[PDB]
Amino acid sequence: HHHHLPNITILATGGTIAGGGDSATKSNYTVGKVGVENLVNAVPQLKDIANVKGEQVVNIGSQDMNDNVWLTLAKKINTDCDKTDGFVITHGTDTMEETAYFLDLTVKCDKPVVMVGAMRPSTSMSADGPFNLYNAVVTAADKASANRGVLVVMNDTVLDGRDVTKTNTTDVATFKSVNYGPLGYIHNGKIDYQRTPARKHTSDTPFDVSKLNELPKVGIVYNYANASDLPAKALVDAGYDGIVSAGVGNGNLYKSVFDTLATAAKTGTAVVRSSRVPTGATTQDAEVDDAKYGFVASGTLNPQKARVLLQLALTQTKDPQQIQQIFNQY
């Protein structure tokens, strides 16, 4: 009997993991500049763990991530599923938590899909991307990684696509699942999994994007003292399918913003109350009578995460009670 390594596919999309600057010590750099091959070759030990094949999907900063790249990824994973044992997606850190949740809801492939990035560019002293990529390959290769939904692997930690968020602007340790914690820790190329997400993911969702050319239009508005209603009115004037509110506290809205969203909701715009507060649920049965206005409470989904779910909810239904039920199940 001979040892055979898993086949792992790296789908590259850009990010600081592929960024470069002209000094190892200066902070200035440009994103999404280095190709997949360079990234693979910067981690010689990948041969110890897997047979790795790189595909460049796009090469962008994830600040410019968009619906089309999401659709491209989910269809590619779902199409290529039987050709490989696992997927790693190199990606910018800025919107990784959004892509990860989109994929967590739309991937039907039953093989691990692991996202990874780097907070320091590839050119920098003590660059994090090499060891991150190695650890993402470890996770994508591990049989025990299956059936946990789509994953993010950063700073020696396996995180679920739903709860994972970027907590700090610069720290290599930025990614945390701030409400429910990580799924497992990685040491010496091995994972001790102690948790799995309970919310329904991947092949247990009704979201099927195989045939979609676009996603429903959903925007985000912020609340704060003396908040203008102009952002909200602009989305309503443009025929937006949905609006997510980054509320204050427990999903609360500045009155002007409330009035514009209450009206929009009456016309059939889906409105989700979320919170600019970085941890904790936007609950039902607090200061906003959601049933009355036809609003939906986002639970622990932050505004960018709630947008993902809301867009996907809007592909199945425009009924707010059914959208609320979706927000309670996925």
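All residue numbers are counted from 1 along the displayed sequence.
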Please compare 77-85 with 164-172 and say which has the higher mean C-alpha temperature factor in the record. 77-85
As stated in the PDB record, which stretch has the larger average Cα B-factor, 141-149 or 89-97? 141-149
Taking the Cα B-factors listed in the entry, which of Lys305, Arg273, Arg276, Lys33 comes out highest? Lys33
Between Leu183, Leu133, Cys109, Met119, which one tops the list for C-alpha B-factor in the PDB entry? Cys109
For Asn41, the third of its chain by CA B-factor is the middle
Looking at the C-alpha B-factor of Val257, is it in the lowest, middle or highest third of its chain? highest
Third of the chain's Cα B-factor distribution that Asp104 belongs to, per the entry: lowest
Within-chain third of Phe207 by Cα B-factor, per the entry: highest
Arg195's Cα B-factor: lowest, middle or highest third of the chain? lowest
